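S.K.: Experimental structure and its sequence below.
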Amino acid sequence: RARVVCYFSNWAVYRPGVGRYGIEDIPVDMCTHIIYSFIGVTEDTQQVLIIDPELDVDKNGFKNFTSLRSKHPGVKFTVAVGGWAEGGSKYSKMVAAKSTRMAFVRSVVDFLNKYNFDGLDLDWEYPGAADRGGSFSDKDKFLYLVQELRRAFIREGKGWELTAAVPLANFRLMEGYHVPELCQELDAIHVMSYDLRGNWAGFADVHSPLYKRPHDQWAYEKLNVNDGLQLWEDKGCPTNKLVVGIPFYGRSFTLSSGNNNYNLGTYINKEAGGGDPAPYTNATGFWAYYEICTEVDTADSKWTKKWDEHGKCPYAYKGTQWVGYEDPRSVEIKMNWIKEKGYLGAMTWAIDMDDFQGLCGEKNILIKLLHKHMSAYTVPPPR
Ligand SMILES: N[C@@H]1[C@@H](O)[C@H](O[C@@H]2O[C@H](CO)[C@@H](O[C@@H]3O[C@H](CO)[C@@H](O[C@@H]4O[C@H](CO)[C@@H](O[C@@H]5O[C@H](CO)[C@@H](O)[C@H](O)[C@H]5N)[C@H](O)[C@H]4N)[C@H](O)[C@H]3N)[C@H](O)[C@H]2N)[C@@H](CO)O[C@H]1O
Ligand SMILES: *[C@@H]1O[C@H](CO)[C@@H](O)[C@H](O)[C@H]1NC(C)=O
Ligand SMILES: *[C@@H]1O[C@H](CO)[C@@H](O)[C@H](O)[C@H]1NC(C)=O
């Protein structure tokens, strides 16, 4: 009854060579819930925006995805609206009034019916965030949207799921999320317990530390997976609604010139924007798990791999390059911690970045860990 929630990126199919990952590559039986990412919202009409129509519609992307339920009827196939690239301003604008919310709600219902989805994952990042086109009134109005969506889903009578991806920083929770009311309306809370550190922070660190490190201070003091999930509990979310995010990727850094200190918290060349782009994801500061293991784990690797004794995460470095991530050891530790705490399950960003080709060893090594632990785990009643 535990969840293994797998986010699927629709843009992964455009990755070159062995990086190419499509619908056919999803290891469906390893997941209980799979989420097609992303659709968006229109700026002008507050309707569902199909972001890659040639792929999603013309090449039958949405339907290929949902029709996987024929072979795997026990699995839920939903769609995510929002995501980082979508921005937050269109969503703050959409929830501003009742009329615009209901226009979106109607569009959502039409979309879900048309492409046979089992429900919707809300990924607005984030309500109430000034840095993301939000404002104070987003907190109330995001709740209104969620309540209105739930009632519409009930009226359709198909038992659709409604979930949300959420941050874990206290200031983000205060600005955007009525926790008790939201957790009541939602089937699951997908906590984005990653990207907690990165180039934007101005120092090298692992991005999903489980526990606090000595160097964690001020805003970073409770910015770890354990304290972050505890925060969601303390604000009123039941343990059996919380799903813990696991990143299948690393946040990389370019160290400052002449810096021979590779410890956690060491200064970086922030202007570089992060570590150099990897060949398949081609993104500064962002390396897929398979891009990391093919570099760090090889027999003649010149990378030095270390372990965060407090955060329970691996990091590795070579020359000016430094990356923090998750490996089988850290993932296993998090799986046991999830069961220890009694949370609803595990979530991954994203399934397309596991070692699905088995370049470094066994195929889909990370998702197999999530499946192994969660499938043998019974979610206890709310604490
Ligand atoms: N919810 C959070 C997540 O959002 C977040 O993960 C991020 O999600 C966003 C989407 O919200 C991702 O943004 C996408 O990034 C893609 C790649 O970076 C973009 O797609 C590509 O865009 C490229 C530039 O145009 C194209 O490059 C071409 O590639 C060609 C191959 O055919 C090549 O021949 C050519 O030379 C290139 N021009 C490429 O075609 C295209 N697919 C996409 O536009 C963009 N929306 C983001 O990548 C991702 N990190 C997550 C992690 O922070 O956290 C979650 O909680
Ligand atoms: C959907 O399935 C068809 C038939 O296998 C295939 O031709 C097409 O490429 C698939 N579309 C996507 C986006 O995977
Ligand atoms: C890789 O990313 C860079 C910077 O965004 C871009 O200029 C280039 O077109 C990308 N290369 C490929 C192969 O897509």
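M.R.: Yes, it's here. Residues are numbered from 1 along each chain as shown. Ligands and ions are numbered 1, 2, ... in the order given.

S.K.: What is the top helix by length along the chain packed up against?
M.R.: Longest helix in the chain by number of residues (criterion: DSSP state H): helix 138-156. Contacting helix 138-156 under the criterion 3 or more Cβ pairs under 8 Å, 6 or more residues apart in numbering; DSSP states H and E are the following elements: helix 98-114, strand 119-123, strand 161-166, helix 170-176, helix 179-185. No exception for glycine: its C-beta is placed from N, CA and C like everyone else's.

S.K.: Let's see it as PDB, backbone CA atoms only.
M.R.: What follows is helix 138-156, C-alpha atoms only, in PDB (Å, rounded to 0.1, in the frame of the first residue of the first chain):
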ATOM      1  CA  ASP A 138      -1.800  32.900  -3.800                       C
ATOM      2  CA  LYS A 139      -2.000  30.900  -0.600                       C
ATOM      3  CA  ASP A 140      -5.700  31.200  -0.200                       C
ATOM      4  CA  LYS A 141      -6.400  31.000  -3.900                       C
ATOM      5  CA  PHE A 142      -4.200  27.900  -4.500                       C
ATOM      6  CA  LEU A 143      -6.300  26.200  -1.800                       C
ATOM      7  CA  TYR A 144      -9.500  27.300  -3.600                       C
ATOM      8  CA  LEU A 145      -8.200  25.800  -6.900                       C
ATOM      9  CA  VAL A 146      -7.400  22.500  -5.200                       C
ATOM     10  CA  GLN A 147     -10.800  22.400  -3.500                       C
ATOM     11  CA  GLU A 148     -12.500  23.300  -6.800                       C
ATOM     12  CA  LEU A 149     -10.600  20.600  -8.700                       C
ATOM     13  CA  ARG A 150     -11.400  18.000  -6.200                       C
ATOM     14  CA  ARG A 151     -15.100  18.800  -6.400                       C
ATOM     15  CA  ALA A 152     -15.000  18.600 -10.200                       C
ATOM     16  CA  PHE A 153     -13.200  15.300 -10.000                       C
ATOM     17  CA  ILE A 154     -15.900  14.000  -7.700                       C
ATOM     18  CA  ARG A 155     -18.600  15.200 -10.100                       C
ATOM     19  CA  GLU A 156     -17.000  13.300 -13.000                       C
END
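
S.K.: From ligand 2, how far out is residue 182?
M.R.: For residue 182, the distance to ligand 2 equals 33 Å [Cβ to the nearest ligand atom, to the nearest Å].

S.K.: And the residue of the stretch 151-300 of the chain closest to ligand 1?
M.R.: With Cβ to the nearest ligand atom as the measure, residue 192 is the residue of the stretch 151-300 of the chain nearest to ligand 1, at 4.3 Å.

S.K.: Now do the same contact list for the closest residue in space to that residue that isn't next to it in sequence.
M.R.: Excluding its sequence neighbours, the residue lying closest to residue 192 (Cβ to Cβ, 6 or more residues apart in numbering) is residue 245, at 5.0 Å. Shown in contact with residue 245 (Cβ atoms under 8 Å, 6 or more residues apart in numbering): 190-194, 208, 346-349.
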